[PDB]
S.K.: 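Sharing a structure below in structure tokens format, with a few things to ask.
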Amino acid sequence: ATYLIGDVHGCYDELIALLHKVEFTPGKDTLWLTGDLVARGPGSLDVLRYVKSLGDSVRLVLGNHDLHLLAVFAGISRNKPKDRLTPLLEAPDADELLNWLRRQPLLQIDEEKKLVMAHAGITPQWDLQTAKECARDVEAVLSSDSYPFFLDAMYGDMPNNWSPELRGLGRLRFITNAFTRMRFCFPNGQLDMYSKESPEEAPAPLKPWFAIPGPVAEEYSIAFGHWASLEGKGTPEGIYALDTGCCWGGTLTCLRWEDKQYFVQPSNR
Ligand SMILES: [Mn+2]
Ligand SMILES: [Mn+2]
């Protein structure tokens with residue numbers, strides 16, 4: 001069976017309870033994770049250890065907090081106490097865990113299930129071949145010996161319009177923002193990087209990226225996390241928002257793909 005779970009954010013206990021609820025069995029089942037495995041919750045270290053241990057039984061995409069963790073680890077960004085990352089950073093296996101984490105994809109594709117996963121979704125300005133190429137570009141940087149310079153470069157909110165003619169840092173920054181930070185678009189598909197509220201609270205003419213017909217969404221289902229104030233609701237058919245804010249005291253949600261059956265685990269507050 002195929003299980004998809006949204007942003008875990010270090011909520012290891014809830015993760016394990018949800019997986020026991022479905023009798024998740026490595027070797028017979030596969031787990032898809034939308035990213036943001038770490039930060040806010042208390043068990044980032046345990047989460048990373050367990051997910052890494054699953055090997056081929058897990059298909060992960062990196063989110064924005066995974067990338068921030070990598071930036072703290074390389075000395076690029078400052079650690080926030082609120083992120084609760086110090087046990088993970090001071091772990092004796094920190095190097096192993098994080099060199100594994102930076103080698104994971106930004107994008108997961110399963111042709112037989114017609115299923116695409118990215119942390120934030122798929123911008124409507126992209127077709128599938130382009131999404132793939134951009135994922136491969138950023139992934140090559142992340143898994144190279146020079147990933148700290150990339151992490152330093154990734155911060156920024158422009159450019160917000162895609163073009164195959166984009167180059168260098170602007171290209172990397174747009175790819176990163178589209179995959180890990182996207183929520184609302186302008187009618188032409190151009191990215192907005194300031195509104196994090198629910199679709200009903202955003203001012204016109206902003207709409208969710210998925211309310212704009214895009215070539216990928218026309219042929220594929222798309223699962224994603226990241227956008228907690230969506231609360232998993234309001235998506236069109238074929239769009240699955242899996243982040244229900246477990247680390248914020250909401251719930252951790254698991255979707256079984258074969259029957260589209262939802263299983264939910266309350267936050268441990
Ligand atoms: Mn996120
Ligand atoms: Mn998140």
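For reference, positions follow the sequence shown, starting with 1. FYI, side chains are in, hydrogens and waters are out, and symmetry mates aren't considered; it's all heavy atoms of this structure. Whatever order the structure lists ligands and atoms in, that order sets their numbers, starting from 1.
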S.K.: Heavy atoms, side chains only, cut-off 4.5 Å: are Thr180 and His226 in contact?
M.R.: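 Sidechains of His226 and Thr180: no contact.
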S.K.: With the side chain counted from C-beta on, respond yes when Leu60 and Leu101 share a heavy-atom pair under 4.5 Å apart, and no when they do not.
M.R.: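 Result yes, sub-4.5 Å side-chain heavy-atom pair found.
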S.K.: Measure from the Mn ion (ligand 1) to each N, O or S atom of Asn64 and report whether any distance is below 2.8 Å.
M.R.: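 So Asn64 counts as coordinating the Mn ion (ligand 1), yes.
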S.K.: Under 4.5 Å between any side-chain heavy atoms of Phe224 and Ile239, yes or no?
M.R.: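 Yes; the side chains approach each other to less than 4.5 Å.
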S.K.: Could you identify the N, O or S atom of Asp7 positioned closest to the Mn ion (ligand 2)?
M.R.: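 For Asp7, the N/O/S atom sitting closest to the Mn ion (ligand 2) is OD2.
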S.K.: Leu106 versus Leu142: any side-chain heavy-atom pair under 4.5 Å?
M.R.: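 Yes, their side chains come closer than 4.5 Å.
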S.K.: Taking both backbone and side-chain atoms into account, decide whether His119 has an N/O/S atom under 2.8 Å from the Mn ion (ligand 1).
M.R.: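 Given the 2.8 Å cut-off, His119 counts as a ligand of the Mn ion (ligand 1).
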S.K.: In this structure, which one of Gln108, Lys113, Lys114 forms a side-chain hydrogen bond (donor to acceptor under 3.5 Å, both in side chains) with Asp110?
M.R.: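 Exactly one candidate clears the test, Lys113.
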S.K.: For the Mn ion (ligand 1), what is the closest N, O or S atom on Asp36?
M.R.: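 Looking at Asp36, the N, O or S atom with the least distance to the Mn ion (ligand 1) is OD2.
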S.K.: Of all the N, O or S atoms in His226, which one sits nearest to the Mn ion (ligand 1)?
M.R.: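 Relative to the Mn ion (ligand 1), the closest nitrogen, oxygen or sulfur of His226 carries the name ND1.
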